[PDB]
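Starting off, we have a lone chain in the form deposited in one PDB entry, written out as structure tokens.
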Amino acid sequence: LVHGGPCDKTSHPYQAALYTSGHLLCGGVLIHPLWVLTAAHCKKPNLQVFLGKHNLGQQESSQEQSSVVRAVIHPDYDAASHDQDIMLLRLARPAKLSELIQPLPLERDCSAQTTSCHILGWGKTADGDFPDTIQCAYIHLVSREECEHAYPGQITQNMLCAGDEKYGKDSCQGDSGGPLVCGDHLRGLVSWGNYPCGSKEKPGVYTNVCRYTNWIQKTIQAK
């Protein structure tokens, strides 16, 4: 995450860190004790989910590690255009809830009134390095018209745009699949955006979570 700062230690109990091959791959959101939501482009072998983390460089008493037993990519995900960039991960071990491990409720209304938004993750910072401590930033939703102008013929109804006109606070590589939180609800998932990272004119593009209520519920309730 570029141009942000360290999160408050107790503000992100729903944040997951996804690992493969021993290093940080993506963010993710705990939405149910057995399920983490992330971006479909985070699908890699032997995913390891870490909950209750703040600093990746230290062993924390609140952390919980779980293997993934099932990875459910949206049937209409299109890697080329990033359309429908969403994936459900079923945990081997149900999350042992604590003050630092809690699910985040989903935004079910696509016409939700504007609320204060934020992003977070262990993605690349402004200096080009990967931080041990999770970064946070306030950002605002950008109108669909403004975003269509920023990325012509690239924005679908399955995408939301969000950014920061003042410093260009933005999500980046490694923040993928992390949450766009609006009014204490999951509004979006980190999907794609500008290269290099920065949202002054070309806002970050987020998977529009409100569009996936039925698919999420059907997947979680399946079998």
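Residue numbers run from 1 along the displayed sequence.
What comes next is about the form solved in complex with a partner chain, which does not appear here.
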{"item": "Interface residue in the deposited complex among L104, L141, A150, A137, criterion: non-hydrogen atom within 4.5 angstroms of the partner chain", "value": "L104"}
{"item": "Contact of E165 with the partner chain in the deposited complex (heavy atom, 4.5 Å)", "value": "no"}
{"item": "Close approach of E60 to the partner chain in the deposited complex, 4.5 Å, heavy atom", "value": "no"}
{"item": "4.5 angstroms heavy atom contact with the partner chain in the deposited complex for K96", "value": "no"}
{"item": "Stretch from 68-76, 142-150, 88-96, 105-113 whose residues place a heavy atom within 4.5 Å of the partner chain in the deposited complex", "value": "105-113"}
